[PDB]
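Engineer:
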Amino acid sequence: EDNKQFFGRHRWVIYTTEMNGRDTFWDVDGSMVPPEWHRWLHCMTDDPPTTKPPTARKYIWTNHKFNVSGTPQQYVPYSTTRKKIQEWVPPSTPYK
Amino acid sequence: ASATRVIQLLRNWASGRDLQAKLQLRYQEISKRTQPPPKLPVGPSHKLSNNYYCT
Amino acid sequence: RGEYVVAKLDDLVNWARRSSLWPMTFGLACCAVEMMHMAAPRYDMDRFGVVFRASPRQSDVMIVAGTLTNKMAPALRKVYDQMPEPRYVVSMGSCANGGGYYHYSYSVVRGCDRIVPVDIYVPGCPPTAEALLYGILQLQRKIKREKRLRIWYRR
Amino acid sequence: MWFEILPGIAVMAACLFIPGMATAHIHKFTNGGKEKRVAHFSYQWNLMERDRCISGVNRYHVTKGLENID
Amino acid sequence: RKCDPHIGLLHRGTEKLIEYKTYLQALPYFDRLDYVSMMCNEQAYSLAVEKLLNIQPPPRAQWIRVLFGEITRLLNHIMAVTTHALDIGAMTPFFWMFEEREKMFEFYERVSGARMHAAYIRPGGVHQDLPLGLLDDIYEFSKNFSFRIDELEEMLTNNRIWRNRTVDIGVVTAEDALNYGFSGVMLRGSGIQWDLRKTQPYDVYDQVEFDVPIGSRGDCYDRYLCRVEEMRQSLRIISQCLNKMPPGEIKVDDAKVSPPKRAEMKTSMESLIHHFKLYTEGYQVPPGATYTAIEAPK
Amino acid sequence: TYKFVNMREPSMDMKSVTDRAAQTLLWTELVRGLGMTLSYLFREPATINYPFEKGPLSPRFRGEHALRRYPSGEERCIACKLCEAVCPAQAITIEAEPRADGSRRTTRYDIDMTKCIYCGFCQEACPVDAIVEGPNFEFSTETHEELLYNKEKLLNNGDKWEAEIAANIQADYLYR
Amino acid sequence: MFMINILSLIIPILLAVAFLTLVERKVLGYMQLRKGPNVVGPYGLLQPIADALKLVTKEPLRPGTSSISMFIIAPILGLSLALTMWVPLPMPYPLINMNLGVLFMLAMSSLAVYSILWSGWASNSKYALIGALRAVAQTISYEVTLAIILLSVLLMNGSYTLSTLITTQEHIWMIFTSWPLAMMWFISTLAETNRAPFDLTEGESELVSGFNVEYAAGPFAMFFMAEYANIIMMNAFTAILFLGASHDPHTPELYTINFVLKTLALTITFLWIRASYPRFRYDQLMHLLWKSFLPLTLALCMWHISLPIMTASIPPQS
Ligand SMILES: COC1=C(OC)C(=O)C(C/C=C(\C)CC/C=C(\C)CC/C=C(/C)CC/C=C(/C)CC/C=C(\C)CC/C=C(\C)CC/C=C(\C)CC/C=C(\C)CC/C=C(\C)CCC=C(C)C)=C(C)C1=O
Ligand code: SF4
Ligand code: SF4
Ligand code: SF4
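Chains as they are written, first to last, in the authors' numbering: chain 1q, 50 to 145; chain 1r, 1 to 55; chain 1B, 25 to 179; chain 1a, 1 to 70; chain 1D, 74 to 371; chain 1I, 1 to 176; chain 1H, 1 to 318.
1. To the nearest angstrom, how far is it from the Cα of residue 66 (chain 1I) to the Cα of residue 151 (chain 1I)?
2. State yes or no: is the C-beta of residue 94 (chain 1B) within less than 8 Å of the C-beta of residue 37 (chain 1B)?
3. Any heavy atom of ligand 4 closer than 7 Å to the Cβ of residue 350 (chain 1D)?
4. Start and end of the beta strand (DSSP E) containing residue 95 (chain 1I)?
5. For chain 1I, is any of its Cβ atoms less than 8 Å away from the one on residue 71 (chain 1q)?
6. Excluding the five sequence neighbours on either side, which residues of its own chain have a C-beta within less than 6 Å of the C-beta of residue 249 (chain 1D), listed in chain order?
7. Out of 121 (chain 1B), 107 (chain 1B) and 146 (chain 1B), which one is the CA nearest neighbour of residue 115 (chain 1I)?
8. With 8 Å as the limit, tell me which residues of the stretch 215 to 244 of chain 1D have their beta carbon closer than that to any beta carbon of chain 1H; keep them in chain order.
9. Comparing alpha-carbon positions, which option in 291 (chain 1H), 293 (chain 1H), 141 (chain 1H) and 91 (chain 1H) lies nearest residue 238 (chain 1H)?
10. Measuring only the C-alpha atoms, how far is residue 260 (chain 1D) from residue 266 (chain 1D)?
11. Measure the C-alpha to C-alpha separation of residue 188 (chain 1D) and residue 218 (chain 1D) and round it to an integer number of angstroms.
12. Could you please tell me which residues of the stretch 37 to 57 of chain 1B, in chain order, have their CB closer than 8 Å to any CB of chain 1D?
13. Need the endpoints of the beta strand (DSSP E) that residue 108 (chain 1I) sits in, please.
14. Using a Cβ-Cβ cut-off of less than 8 Å, give me the residues of the stretch 5 to 37 of chain 1a that come near chain 1H, in sequence order.
15. Confirm the yes/no value for this check: CB of residue 87 (chain 1D), any heavy atom of ligand 2, distance under 7 Å.
16. In three-state terms, what does DSSP make of residue 87 (chain 1H)?
17. Could you name the residues that DSSP lists as bridge partners for residue 115 (chain 1B)?
18. Near ligand 4, which residues have their beta-carbon less than 6 Å from any of its heavy atoms, given in chain order?
19. According to DSSP, is residue 169 (chain 1I) helix, strand or coil?
20. Does any heavy atom of ligand 3 sit closer than 7 Å to the C-beta of residue 139 (chain 1I)?
21. Any Cβ of chain 1H within less than 8 Å of the Cβ of residue 2 (chain 1a)?
22. Does the contact criterion of 3 or more C-beta pairs under 8 Å hold for the stretch 40 to 51 of chain 1B versus the stretch 4 to 17 of chain 1H?
23. Alpha carbon to alpha carbon, how far is residue 159 (chain 1I) from residue 106 (chain 1I)? Give it in angstroms, no decimals.
24. What does residue 2 (chain 1I) pair with, by DSSP beta-bridge criteria?
25. What's the C-alpha gap between residue 10 (chain 1I) and residue 16 (chain 1I)?
26. State the DSSP-derived secondary structure class of residue 153 (chain 1H), mapped to helix, strand or coil.
27. Run the CB neighbour count on residue 169 (chain 1H), radius 10 Å, all protein chains shown included, and call it buried at 16 or more, exposed below.
28. Residues in the same chain with beta-carbon distance under 8 Å from residue 169 (chain 1D), minus the five sequence neighbours each way, listed in chain order, please.
29. Which value, in whole angstroms, describes the spacing of the CA atoms of residue 326 (chain 1D) and residue 10 (chain 1r)?
30. Leaving out the 5 sequence neighbours to the left and right, which residues in its chain are closer than 6 Å to residue 118 (chain 1D) when beta-carbon positions are compared?
31. Below 8 Å on the Cβ atoms is my contact criterion, and I expect residue 63 (chain 1q) with residue 121 (chain 1I) to pass it. Report the Cβ-Cβ distance as a whole number of Å.
32. Give the straight-line distance between the Cα atoms of residue 166 (chain 1D) and residue 77 (chain 1B), rounded to the nearest whole angstrom.
33. Residue 175 (chain 1I) versus chain 1r: which residues are under 8 Å apart at the beta carbon?
34. Measuring CA to CA, which of 12 (chain 1H), 154 (chain 1H) and 87 (chain 1H) is closest to residue 242 (chain 1H)?
35. Residues of chain 1B with a CB under 8 Å from the CB of residue 39 (chain 1H): which are they?
36. Using 8 Å for Cβ pairs, my map puts residue 213 (chain 1H) next to residue 120 (chain 1H). What's the rounded Cβ distance?
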């Protein structure tokens, strides 16, 4: 950060070279920012996570994932509900 | 990234007005993005008596 | 090695492609206003090599910004078919993606997909001019991972 | 800032400088140092042709001073 | 010889889709009619719904409406003139004043949440109060906007190429404009002294002072001047709104029309029931028909 | 109160006509236009280095949706369908069923992000602050199907952007 | 040593227009508060190469209603005319010492318009024929002033030889004796090359195309490189004709450095006006020349025939 720069360029992030097994030396992405730093970076607040770290809870992820679109880790929509009509199971007995 | 005076004289003269006074870029005069919590007021009907909805 | 030679050559072409995308503005609805803000000096789309150019004969990517009304649907296909075709289509906003607010109308097709093949989808209503910049950046990545020469060498 | 514009000029200014330098040096190189004689009129060409014949080596720029005669 | 403007290329069924939604649900549609007049569109719909409901918004809500209504009029005017310059051929003033449009877009986002479609002005007032410190930024931006307007108008108003491209072009008469249904600038630009902000004041427009720029010749150049002057005049209205913003609530203190505060919805029975019914069914409005209109930036 | 924008009549004295003639022949207003373009050339460009310098937002920003959960761990959504009932574009589909343990949640909570208008009405209607619009706006995808979020993807977002959404509502709950 | 000389001109010329497209946007952006290309290479020093390489690998296609032969030859006409025209320019010593260099450049520059409408006519498009017919009467009407302005200025030369401008403005810049003609000369150059107080040839706002209507990667690249080369020269011709420079016969490099600097400054002004004025309507740009430029053009001509006679300053013919 550099406060002398006009509002908009006073804060910036230099992306890491490697994250989650994907070289980003020449392949930096805008979603590579962890949520705690995403708040400070977007000027949504003035309290860097080092000075004020966010509250910690179990369900919060411990490893940020970038845009997983395209790579074989995408999100495939699917029904989250079970079946509705239970087909009648025929009797395997040879009848008669 | 406030420039050298030589540019400022040239930049001002080329436009014909003092540009250093009022600039298009916000440096520090903006309000801080972390503001103290507010205390919102209440409406006129926030009364414990003589506040029947029929009126 | 032949594979190495085709590998570098493909990268040279793909670099020349992703570093020069010339959108053919199909400004339709409020999604177009936010895209012009990307062209505004706040984000400066031009600085990424990508500059706005008319005459689809001289353009590389379509940026569908706004609702696609059934009346103009032939126009979208016609201007899509006339692009010299290393070509990609970017859909801006919920309406262009799948109908959005007007998904249930009588005269809005439920998504620009039903008319043209669609590359990266930009969600929003409207997607902020920064979000579109991320979208165009995603297309540049997609162009980077093109193996056109490698496939030809292994045909 | 504006000084970032200058690299755009510099790679063009050097490129535009080449034809001026190349033509000037090629003429001097191909005419033995002296500038290429210009013949805007037949009289200038007549001097040049007599220079070609006199030099013996059929080179107009190759010049013979007083030492040729004696 | 004739100019047949085939329209309908973006005939989204808005007027039919509104029927199937509730009054609160139909609010975002008006933000998506005119891409640039956002609060002005919602202000018209809010006034119509409030008029049927026989309910008025609190004074603070009204002042925020006219404050953001005039900011919106800056937004439409900025693009109207600059895109007019773009189509005419002058491409440079496009980019300068569309930096400021980004500055005002921040104010839209800082208050409502979204940069363009605020969905902020609602029947009975506004969604929520201004974030603390917004008025300072509005004052800071408005301080230098007079210079930016002079930046735009200096390169075109006296420019010989510009006037020749607009002077004595598209000239309409007085009675011709009135009969053709022309409104807004087109009446103002051709001598007709009409402006709903003064003749039929809505909200607190009867308290702010401003000058309507009546045009003389009626051609393209006069109306463009009227647009630029309307841009400058909005700054005074912005100045008065900033200096006279009153305290109080931002929604009508009546749970049957505006949703109760989140603190009360989690505390009291009546607030929870009203919040439940208002966000599921909505507020039933008296059976009637109305036609409200506002001086939109167009 | 009206003002006449264009009612200036130039003077006919020998001075004024020469200045207009001097303006005509010796192009001056064209030079004034040129002279000011030079002024902007030497100024400070406002471009922000994306993606190294992301734009400035506000805590009220509406972006990618997410379902949050209580500090205990249990989800906040109790399937009141207020968000589905108030969704202007009907992008919300909800199916509920009695859970095994008693207190019951959604078995299907799908948000159609290509049908969503990002109006934020869902987060207002929610009486338990379960469904919120997170700060993310960079979830662009290559395929249309990846946009059509269901309960699992949304719950993942809640477990990803929780460190940011918690602070935003912490700064904005008093306004609401 | 002539093929080396020619290829020491063609390659620098095509590289000059090559990076003029970078100093266009990087100047246009900075004048509209943008930043221009600074991503492809440092400071955008590789953007045009990325542009050029794409424009020779993306699918070209002749229009279905085209005329193949005339469609293909028009880019040949544009590019060859632009290159061949730089030939008699007297950078210290001109490559080809034409006796009538001025008349040569007038003739071929009058030919660079056959490309624009042969492209327009063969393309068989409504916007193509409109743009083609806009451009032809645009250039020729602007050509009448072009011819007379050159003649009036060159009356102090005594000849049409381009090399003699070095000698003519040896002590005093020519603009100080013909500045009224210099103004219309600059405007006409803005008009023959179709820059943007009169870019109506392209007419992107009202005609979407017209420089290259359906023209694609290759042919579009030509019709661009054939007019951006004219941009650099028409200011090099302006620089050589009006703003002379000291030329030491022993060290021509000083003159080449000075000559290049004047072309660079003039070219920036071409880009500078391009983003400071609106678009002239067709009748206006024709009215400006046929009704305001020409009357002043002839009047200042008669002045410059008489002026050497009244002052006894007839320049030497040789
Ligand atoms: C309204 O207004 C408008 C304008 O403006 C008024 C405009 O501007 C524009 C233009 C728009 C913009 C500027 C916006 C942004 C767009 C762009 C920048 C587009 C970019 C376009 C380009 C074409 C890119 C240009 C960039 C580059 C880097 C070009 C680089 C050049 C090259 C790669 C080629 C260079 C040359 C080479 C390599 C030549 C090699 C030569 C040789 C090897 C020798 C050849 C010769 C011989 C061998 C001779 C010997 C042979 C013999 C004798 C053979 C004999 C044979 C026999 C049979 C006898 C528009 C649209 C417009 O709307
Ligand atoms: S998605 Fe939203 S912003 Fe985009 S066109 Fe549709 S309604 Fe307008
Ligand atoms: S923000 Fe999207 S999901 Fe939420 S109510 Fe609005 S349209 Fe429905
Ligand atoms: S409003 Fe909240 S609690 Fe109600 S169904 Fe939607 S997510 Fe669940």
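Just so you know, even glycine gets a beta-carbon here, dropped at the ideal spot from N, CA and C.
Structural biologist: Per the coordinate set shown:
1. Reading the sixth sequence from its first residue, position 66 is the one you call residue 66 (chain 1I). Reading the sixth sequence from its first residue, position 151 is the one you call residue 151 (chain 1I). Taking the straight line joining both Cα atoms gives about 9 Å.
2. Walking along the third sequence from the start, residue 94 (chain 1B) turns up at place 70. Walking along the third sequence from the start, residue 37 (chain 1B) turns up at place 13. The answer is no: Cβ separation not under 8 Å.
3. Taking the fifth sequence and counting its residues from 1, the one referred to as residue 350 (chain 1D) is at position 277. No, the Cβ of residue 350 (chain 1D) stays beyond 7 Å of every heavy atom of ligand 4.
4. Translated into the one-based positions of the sixth sequence, residue 95 (chain 1I) becomes position 95. That run of the beta strand (DSSP E) goes 92 to 96.
5. As a first step, residue 71 (chain 1q) is located in the first sequence; it is residue number 22 there, counting from the start. No - not a single Cβ of chain 1I is within 8 Å of the one on residue 71 (chain 1q).
6. Counted from its first residue, the fifth sequence places residue 249 (chain 1D) at position 176. Here residue 249 (chain 1D) has no same chain residue with a Cβ atom under 6 Å from its own Cβ, once five neighbours each way along the sequence are excluded.
7. The residue labelled residue 115 (chain 1I) in the question sits at position 115 within the sixth sequence. It is 121 (chain 1B).
8. Those would be 228, 229, 232, 234, 235, 237 and 238, in chain order.
9. To locate residue 238 (chain 1H), count along the seventh sequence from 1; it is residue 238. Of 291 (chain 1H), 293 (chain 1H), 141 (chain 1H) and 91 (chain 1H), the residue nearest in Cα terms is 91 (chain 1H).
10. Counted from its first residue, the fifth sequence places residue 260 (chain 1D) at position 187. Counted from its first residue, the fifth sequence places residue 266 (chain 1D) at position 193. Spanning the two alpha carbons is a distance of roughly 7 Å.
11. One-based indexing of the fifth sequence puts residue 188 (chain 1D) at position 115. One-based indexing of the fifth sequence puts residue 218 (chain 1D) at position 145. Each residue's alpha carbon lies about 20 Å from the other.
12. The residues in question are 52, 53, 54, 56 and 57.
13. Position 108 of the sixth sequence holds residue 108 (chain 1I). Per DSSP, residue 108 (chain 1I) belongs to the beta strand (DSSP E) from 106 to 112.
14. Residues are counted here when their Cβ sits less than 8 Å from a Cβ of chain 1H; for the stretch 5 to 37 of chain 1a these are 5, 7, 8, 9, 11, 12, 13, 15, 16, 17, 18, 19, 20, 21, 22, 23, 24, 26, 27, 29, 30, 35 and 36, given in chain order.
15. As a working note, residue 87 (chain 1D) is residue 14 in the fifth sequence. No - ligand 2 has no heavy atom lying nearer than 7 Å to the Cβ of residue 87 (chain 1D).
16. The residue given as residue 87 (chain 1H) occupies position 87 in the seventh sequence. Per DSSP, reduced to three states, the secondary structure at residue 87 (chain 1H) is coil, with no helix or strand assignment.
17. Along the third sequence, one-based indexing puts residue 115 (chain 1B) at 91. BP columns for residue 115 (chain 1B) point to 88 (chain 1B) and 145 (chain 1B).
18. Qualifying residues come out as 77 (chain 1I), 78 (chain 1I), 79 (chain 1I), 80 (chain 1I), 81 (chain 1I), 82 (chain 1I), 83 (chain 1I), 94 (chain 1I), 125 (chain 1I), 126 (chain 1I), 128 (chain 1I), 130 (chain 1I) and 131 (chain 1I).
19. Counted from its first residue, the sixth sequence places residue 169 (chain 1I) at position 169. Secondary structure of residue 169 (chain 1I) (DSSP, three-state): helix.
20. Against the sixth sequence, residue 139 (chain 1I) aligns to sequence position 139. Checking the Cβ of residue 139 (chain 1I) against ligand 3 gives no.
21. Numbered from its first residue, the fourth sequence carries residue 2 (chain 1a) at position 2. Output row for residue 2 (chain 1a): interface = yes.
22. Touching, no, given that fewer than three Cβ pairs across the two stretches are closer than 8 Å.
23. Within the sixth sequence, the letter at position 106 stands for residue 106 (chain 1I). Within the sixth sequence, the letter at position 159 stands for residue 159 (chain 1I). Each residue's Cα considered, the two are about 17 Å apart.
24. Taking the sixth sequence and counting its residues from 1, the one referred to as residue 2 (chain 1I) is at position 2. In the DSSP assignment, residue 2 (chain 1I) is bridged to 285 (chain 1D).
25. Indexing the sixth sequence from 1 puts residue 10 (chain 1I) at position 10. Indexing the sixth sequence from 1 puts residue 16 (chain 1I) at position 16. For the pair residue 10 (chain 1I) and residue 16 (chain 1I), the Cα-to-Cα distance works out to about 8 Å.
26. The count along the seventh sequence starts at 1 and reaches residue 153 (chain 1H) at position 153. It is helical.
27. Your numbering for residue 169 (chain 1H) matches position 169 in the seventh sequence. So residue 169 (chain 1H) ends up on the buried side.
28. As a working note, residue 169 (chain 1D) is residue 96 in the fifth sequence. If the five residues before and after residue 169 (chain 1D) are omitted, its C-beta is found closer than 8 Å to the C-beta atoms of 221, 224 and 225, all from its own chain and listed in chain order.
29. As a position in the fifth sequence, residue 326 (chain 1D) is number 253, starting the count at 1. As a position in the second sequence, residue 10 (chain 1r) is number 10, starting the count at 1. One C-alpha to the other measures close to 57 Å.
30. Locating residue 118 (chain 1D) in the fifth sequence gives position 45, where the first residue counts as 1. For residue 118 (chain 1D), where only same-chain residues beyond five positions count, the Cβ hits under 6 Å are 103.
31. In the first sequence, residue 63 (chain 1q) corresponds to position 14, counting from 1. In the sixth sequence, residue 121 (chain 1I) corresponds to position 121, counting from 1. Not confirmed; about 39 Å, so no contact.
32. Against the fifth sequence, residue 166 (chain 1D) aligns to sequence position 93. Against the third sequence, residue 77 (chain 1B) aligns to sequence position 53. Residue 77 (chain 1B) has its alpha-carbon roughly 19 Å from the corresponding atom of residue 166 (chain 1D).
33. As a first step, residue 175 (chain 1I) must be located in the sixth sequence, where it is residue number 175. Here the neighbours are 38 and 40.
34. Counted from its first residue, the seventh sequence places residue 242 (chain 1H) at position 242. Comparing alpha carbon positions, the residue from 12 (chain 1H), 154 (chain 1H) and 87 (chain 1H) closest to residue 242 (chain 1H) is 154 (chain 1H).
35. For this step, residue 39 (chain 1H) is matched to residue 39 along the seventh sequence. The answer, in chain order, is 43, 71, 72 and 73.
36. On the seventh sequence, residue 213 (chain 1H) is found 213 positions in, with the first residue counted as 1. On the seventh sequence, residue 120 (chain 1H) is found 120 positions in, with the first residue counted as 1. Approximately 6 Å separates the beta-carbon atoms of residue 213 (chain 1H) and residue 120 (chain 1H); this is inside 8 Å, confirming the contact.
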